[PDB]
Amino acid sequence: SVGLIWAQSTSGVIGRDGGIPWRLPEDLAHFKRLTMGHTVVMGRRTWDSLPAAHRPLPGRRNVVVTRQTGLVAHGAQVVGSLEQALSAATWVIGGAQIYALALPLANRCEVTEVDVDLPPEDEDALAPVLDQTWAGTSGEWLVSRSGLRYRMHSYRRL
């Protein structure tokens, strides 16, 4: 059982300049609630992107995928491939390169869509594209306490 979870702008951007280009508290609560107690699998750049006070992610087995040798990610397990990372319920938490690896092995995608306008720039990290082999159910557009509009989508593999 492999699930992907990500937050994207409407245009499909998930990352810019080594971080996430918006702040959405309700998404962090959603992310924490869905991943707590499970293994979280991430690419090395995404590990690097975690704020120090949240690295490693507490209450979850953190697995970092890299091509480096002897990489030290304190409090995490370091592996050399996605297959190694996956040997109950496992969540792949980004970024774009690791999503692209994990999508064919996944039965579930949990997407937060953030209604901000961010035209993709050259080096952006982009969300994977889901076709009609995926069955989605969406919540309503909601307004965060901070004022940003967002909505949750849950996709299962048909």
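We number the residues from 1 along the sequence you see. So that the term is clear: the rigid core is the largest set of C-alpha atoms that superpose within 1.5 Å between two forms.
Root mean square Cα distance to the shown form, taken over structures and residues in 6 other deposited structures of this protein after a core fit, is higher for 130-138 when 14-22 and 130-138 are compared. Taking the rigid core as the alignment reference, the C-alpha atoms of 65-73 lie farther on average from the displayed form in 6 other deposited structures of this protein than those of the other stretch among 27-35 and 65-73. Across the other PDB entries of this protein whose models span the neighbouring residues, residue 82 is modelled without exception, so it is unmodelled in far fewer than a third. Where residue 87 is followed by residue 88 in the displayed chain, the model omits 4 to 9 of the deposited residues that sit between the two.
For the pair 121-129 and 27-35, the mean Cα B-factor is higher in 121-129. Judged by mean Cα B factor in the deposited record, 66-74 ranks above the other of 66-74 and 53-61.
Of the candidates 111, 40, 102, 116, the PDB record gives 116 the highest C-alpha temperature factor. When the CA B factors of the chain's modelled residues are split into thirds, the value for residue 147 lands in the highest one. The entry lists a Cα temperature factor for residue 136 that places it in the highest third of the chain's modelled residues. Per the PDB record, residue ranking by Cα B-factor puts residue 1 in the highest third of the chain.
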